[PDB]
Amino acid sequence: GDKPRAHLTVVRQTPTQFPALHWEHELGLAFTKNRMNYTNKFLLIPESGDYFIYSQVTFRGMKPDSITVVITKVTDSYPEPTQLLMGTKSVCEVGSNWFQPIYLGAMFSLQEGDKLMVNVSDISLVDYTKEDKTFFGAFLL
């Protein structure tokens, strides 16, 4: 039916302690629909329910011991953000022209009013060049 859904895709990040990524939400393959609202680097949840949520962040060098992606839920009532999913990968070679994707997806019970965001260990390692490499989405099941 009309289930809230969104697919967001990476853009060049505007420089600003795991910083949140900000996203493309309507151009190319990105979109939000059915009351799903992308606002202020958050996906804002319109309807309480169980959602499948996912993200891939491709990292590329050009030093760090590891790279990490975390998908986080912020709730109006609760002060502290809740980590939903964490992908952390220690990084192997010196140099270098390495690259690598960290993908995560799972199902969570969310409340109307919740806000989701994706944080990374190092924004300058995020590959922003292409909407098919780094993305973030969620849909009511």
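When you see a residue number, it is the position in the sequence shown, counting from 1.
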| request: Specify whether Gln17 falls into a modelling gap in a third or more of the other PDB entries of this protein. | output: yes
| said: Does the comparison with other entries of this protein show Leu84 left unmodelled in at least a third of them? | reply: no
| task | Check the residues of the deposited sequence separating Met62 from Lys63 and report how many of them have no coordinates, as none, 1 to 3, 4 to 9, or 10 or more. | result | 10 or more
| message | So, looking at the entry's B-factor column for Cα atoms, which has the higher mean, 85 to 93 or 109 to 117? | response | 85 to 93
| query | Which of the two stretches, 48 to 56 or 64 to 72, shows the higher mean Cα temperature factor in the record? | reply | 64 to 72
| Selection from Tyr103, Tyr38, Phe31, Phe99 [criterion: highest C-alpha temperature factor in the record] | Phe99
| Taking the C-alpha B-factors as the PDB entry records them, is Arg12 in the lowest, middle or highest third of its chain? | highest
| In terms of the chain's CA B-factor thirds, is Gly137 lowest, middle or highest? | lowest
